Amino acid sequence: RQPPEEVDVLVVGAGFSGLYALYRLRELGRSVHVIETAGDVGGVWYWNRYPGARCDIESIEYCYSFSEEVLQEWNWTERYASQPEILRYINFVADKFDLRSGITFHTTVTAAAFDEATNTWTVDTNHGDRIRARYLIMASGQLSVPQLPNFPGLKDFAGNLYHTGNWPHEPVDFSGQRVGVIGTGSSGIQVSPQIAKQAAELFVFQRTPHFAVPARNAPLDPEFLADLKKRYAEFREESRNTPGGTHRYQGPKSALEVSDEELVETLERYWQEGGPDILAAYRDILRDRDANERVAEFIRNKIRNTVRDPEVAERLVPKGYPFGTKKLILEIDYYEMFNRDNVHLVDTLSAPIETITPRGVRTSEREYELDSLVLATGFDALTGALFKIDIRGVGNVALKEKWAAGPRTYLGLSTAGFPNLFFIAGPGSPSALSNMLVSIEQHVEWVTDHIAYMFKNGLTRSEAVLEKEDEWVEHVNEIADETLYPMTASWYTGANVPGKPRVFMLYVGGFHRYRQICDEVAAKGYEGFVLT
């Protein structure tokens, strides 16, 4: 499917963000096309096919609300949609509104330059395509460029090498093999208990132990669902007016103010129920390092109470960083896994990896023989995908350069000096600190209403104001700084990628507030933008 030479709005990416952009611009009467590297729709859920892949936000929440038809017809099956089912949903949504005729697949965008002469962007691909668009929507994701560490012997490994984020399309057989996994972020924790069932040995290469809590996944009762459907927009609307974009109860109490007996009884109740909801058990879990510690420790005794070898258990216990400052992971049978004879924890904090060999992984302590090695080493996050593209603004300024000391944006949506360009659900915004559907819907709607507003008013150049951008970056940092978020090396902060600026990259005031700010801005004629 050839891309058009000329288009009102060009969209990069056909995951959730891109598809909505496409749908909406068409609804608004604008011409619009999508360029996507993948072979089909899906984005993260197309790429991440490792066995176990599964959302951490509940199925009833992690979905589109923009269409009534879709809420009424689609039927989710479990509390947490596995990867194949979310893919199925996205294909369902693709068909329904005939989105594929808007999309060139197998094509990567490689450069994009703004031409002040004509207020347009000109966009280039590895297929040689060149597109002229008035507006450029980058919907190219938050976690979309796989981060494989440059472990010294990587290219010499004689076995099979994987990355969870670029997973093969046919199912991989690990039966009888010695398998290692590096990384115990949630990919690692999700993929490992699956490989453990097939492998003769599983070696789990852990560095910083992350906090995970049980998911308590269950079947979803068709009755619950049917009741839900009657009141569905009302439900999403409730979700939309929360810090997190989902139905978390926001605990009024401070975790220091309660007694021991009430704390344990509270948290036990969260632990039986499962889910990320513990995160907001007490209003100060992310604000005060002592409040934090009272919750963390409770989790830590859980780990020590689930793992039968008390030495391995201690190795598994999260240390060194505040609870919740790394993405809090939902585990299904990850800890019980280590009770199996064929599962082994390699603590690379205490024995670091020296090199990959052709037979396996060498630490300072021993060499581990492996047929396969799986990299759950995460993603060059938030900026990665933009950075792989040579984006050029007014004065021929590289985006890569303007952003070399960290992302600089006004509301995350735009960056001054690069008019007519927008970033869906990324730095300087709520992004992954919330149910991403909610964050993605608001950004698609806000941006595309914006474009329609430029067209209804016969305008052609929309650009953020330098002072307002600076005032936004300062604000993001200032408020991040009253949380424990900047205290740890997480991908939120860039520190997972050696050399990458460590700045906490996201808006932490919560979805709801960020939307209001965005509505106040839009209502005033898009204050902090200069439209001509």
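Start at 1 with the first residue shown and count on from there.
Looking at 382 to 390 and 334 to 342 together, the entry lists the larger mean B-factor for 334 to 342, computed on C-alpha atoms. Just going by the entry, 267 to 275 versus 446 to 454 on mean CA temperature factor gives the higher value to 267 to 275. Comparing the listed residues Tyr89, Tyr321, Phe211, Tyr368, the entry records the largest Cα B-factor for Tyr368. Within the group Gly426, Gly244, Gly128, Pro407, the record's highest C-alpha temperature factor is found at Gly128. Among all modelled residues in this chain, the alpha-carbon of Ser59 has a temperature factor (C-alpha) in the lowest third. Among the modelled residues of its chain, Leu413 has a C-alpha B-factor that falls in the lowest third, as given in the PDB entry. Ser434: CA B factor in the middle third of modelled residues in this chain (values from the PDB entry). Ranked against the other modelled residues of its chain, the C-alpha B-factor of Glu69 as given in the entry falls in the highest third. Among the modelled residues of the chain, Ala523 sits in the highest third by CA temperature factor in this PDB entry.
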